[PDB]
Amino acid sequence: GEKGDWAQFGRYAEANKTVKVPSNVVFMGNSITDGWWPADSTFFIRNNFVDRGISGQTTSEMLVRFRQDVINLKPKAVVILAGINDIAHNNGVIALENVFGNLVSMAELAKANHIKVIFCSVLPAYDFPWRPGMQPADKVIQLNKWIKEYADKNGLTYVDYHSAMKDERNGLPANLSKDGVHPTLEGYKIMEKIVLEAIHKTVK
């Protein structure tokens with residue numbers, strides 16, 4: 001089995017100790033959230049957002065890490081962008097319904113702790129250069145259909161990055177992404193506009 005810190009509790013354990021609690025908005029995510037600070041170093045700080053993205057993580061590590069990096073920070077809301085690394089099988093094979101199930105468990109834990117959930121559409125992806133031949137495009141669309149239907153049925157805000165960034169093959173175009181999965185600064189600026197509008201309408 002695993003030898004190290006599987007859920008990567010060690011990544012933000014120290015950072016959490018100097019976060020002012022109760023906090024404002026926590027961004028929970030994978031490499032897309034983790035890549036935001038190098039692209040725009042003041043995005044989180046100028047909006048009083050807490051960045052808790054960890055490269056390569058699936059919804060499974062996130063559900064386990066959720067208590068330390070979200071619940072214990074007592075935020076008004078949590079912005080969740082997750083599922084692409086589950087589609088890439090980063091933590092092994094997982095059925096798409098079980099990926100959705102992990103997101104539902106995060107939503108239920110947040111609601112039980114009086115945290116508003118802001119769900120984000122999984123970004124378009126046509127192929128994983130690091131995991132070829134997985135055909136993720138339609139899997140992303142199926143997962144987003146479930147996320148959106150859950151968000152609508154439970155009065156949660158849905159952030160549709162996917163419709164704003166997709167090309168004709170339901171992937172990311174070269175100007176928005178270097179690997180067709182992780183955004184460039186141009187892609188992050190599209191995302192910034194959409195998520196800021198969603199947060200300001202949800203969080204007062």
Side-chain angles (χ1 to χ4, degrees), residues 25-33 52-53 57-67 69-71 75-128 134-152 154-172 176-177 180-183 187 190-192 194-200 202-204:
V25 179
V26 166
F27 277 61
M28 174 51 51
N30 51 41
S31 42
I32 296 166
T33 303
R52 289 295 177 265
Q57 287 214 333
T58 78
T59 60
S60 288
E61 294 99 337
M62 283 186 226
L63 175 58
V64 168
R65 189 163 60 89
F66 207 76
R67 179 154 305 279
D69 287 354
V70 179
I71 300 168
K76 291 182 175 195
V78 59
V79 171
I80 303 165
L81 174 61
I84 198 62
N85 294 315
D86 297 72
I87 295 170
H89 296 349
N90 278 20
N91 192 50
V93 63
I94 186 167
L96 205 65
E97 287 89 337
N98 292 329
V99 176
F100 174 65
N102 280 338
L103 295 163
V104 175
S105 284
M106 289 187 248
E108 289 188 349
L109 284 173
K111 187 185 162 63
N113 286 275
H114 326 108
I115 302 158
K116 290 186 182 140
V117 176
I118 294 161
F119 270 123
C120 301
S121 67
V122 176
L123 262 57
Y126 182 73
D127 190 55
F128 305 124
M134 318 233 53
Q135 304 198 265
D138 293 340
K139 293 165 184 79
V140 167
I141 286 153
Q142 178 63 84
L143 181 54
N144 284 346
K145 200 191 170 192
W146 291 334
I147 296 167
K148 194 186 188 300
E149 271 155 24
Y150 180 81
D152 290 2
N154 288 277
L156 311 175
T157 298
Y158 180 77
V159 174
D160 195 1
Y161 295 145
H162 193 283
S163 299
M165 299 168 83
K166 64 183 182 181
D167 59 16
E168 290 276 78
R169 59 187 192 169
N170 294 308
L172 279 168
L176 298 194
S177 185
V181 183
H182 303 88
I190 288 167
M191 290 167 70
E192 173 179 351
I194 298 161
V195 77
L196 283 175
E197 202 170 330
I199 288 158
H200 299 156
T202 312
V203 191
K204 306 284 174 180

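Sequence positions, counted from 1, serve as the residue numbers for this chain.
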**Prompt:** Partners of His182 by side-chain hydrogen bond (donor to acceptor under 3.5 Å, both in side chains), sequence neighbours excluded?
**Reply:** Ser31, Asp179

**Item:** Nearest-0.5 Å distance, CG of residue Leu156 to NZ of residue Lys148
**Value:** 12.0 Å

**Item:** Rounded distance [0.5 Å steps], CG in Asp167 versus CE in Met165
**Value:** 11.0 Å

**Message:** Can you tell me how far apart CD (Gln135) and CG (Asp127) are? Round to the nearest 0.5 Å.
**Reply:** 8.5 Å

**Request:** Keeping the roles fixed (side chain from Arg65, backbone from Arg52), state whether a donor-acceptor pair exists under 3.5 Å.
**Result:** yes

**Asked** Is any side-chain heavy atom of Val79 closer than 4.5 Å to a side-chain heavy atom of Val195?
**Response** yes

**Request:** Write down the atom of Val181, the atom of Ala125, and the distance for their closest heavy-atom approach.
**Result:** CG2-CB, 4.1 Å

**Minimal non-hydrogen separation, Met134 against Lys139, with atom names** = O-NZ, 3.2 Å

**Request:** Applying salt bridge (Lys or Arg N to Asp or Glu O under 4.0 Å), name anything that partners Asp86, two or more places apart in sequence or on another chain.
**Result:** none

**Asked** Quick one: does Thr157's side chain have a donor or acceptor within less than 3.5 Å of a partner on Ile118's backbone?
**Response** no

**Request:** Go through the structure and list residues passing ring-ring contact (aromatic ring centres under 6.0 Å, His included) with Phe66, not counting sequence neighbours.
**Result:** none

**Asked** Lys111: what forms a side-chain contact (heavy atoms from CB on, under 4.5 Å) with it, not counting sequence neighbours?
**Response** none

**Message:** For the OH atom on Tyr158, are there more than 12 heavy atoms of other groups (residues, nucleotides or ligands in this structure) within a distance under 6.0 Å?
**Reply:** yes

**Request:** List the steps, then state whether side chain to side chain contact (heavy atoms under 4.5 Å, CB included) holds for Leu109 with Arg67.
**Result:** CA-CA 8 Å; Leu109 284 173; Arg67 179 154 305 279; 4.1 Å; yes

List the atom pairs, donor and acceptor, that lie under 3.5 Å between side-chain atoms in residues 93-107 and the rest of the protein, sequence neighbours left out.
residue: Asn102; atom: ND2; partner: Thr59; partner atom: OG1; Å: 2.9
residue: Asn102; atom: ND2; partner: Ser60; partner atom: OG; Å: 3.1
residue: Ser105; atom: OG; partner: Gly101; partner atom: O; Å: 3.4

**Prompt:** Residues two or more places apart in sequence or in another chain: which of them pass ring-ring contact (aromatic ring centres under 6.0 Å, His included) with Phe128?
**Reply:** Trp130

**Request:** Without swapping roles, check the side chain of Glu61 against the backbone of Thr58 for a donor-acceptor pair under 3.5 Å.
**Result:** yes

**Asked** Among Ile147, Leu172, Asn170, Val122, which residue meets the side-chain contact (heavy atoms from CB on, under 4.5 Å) test with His162?
**Response** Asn170

**Heavy-atom side-chain proximity of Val140 to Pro124 below 4.5 angstrom** = no

**Asked** Under 3.5 Å, is there a donor-acceptor pair between the side chain of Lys76 and the main chain of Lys116?
**Response** no

**Minimum heavy-atom distance between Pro75 and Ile115, given as atom pair plus value** = O-CG1, 3.5 Å

**Message:** Is the shortest side-chain heavy-atom distance between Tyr161 and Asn144 below 4.5 Å?
**Reply:** no

**Asked** If every non-hydrogen atom of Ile87 is compared with every non-hydrogen atom of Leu143, which pair is closest and at what distance?
**Response** CD1-CD2, 4.2 Å

**Asked** If you round to the nearest 0.5 Å, how far is OH of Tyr126 from CG of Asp138?
**Response** 10.0 Å

**Fill in**
Closest non-hydrogen contact found for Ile194 with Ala164 is CD1-CB, 3.6 Å

**Asked** In Å and rounded to the nearest 0.5 Å, what is the CE to CD1 distance from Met62 to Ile80?
**Response** 9.5 Å

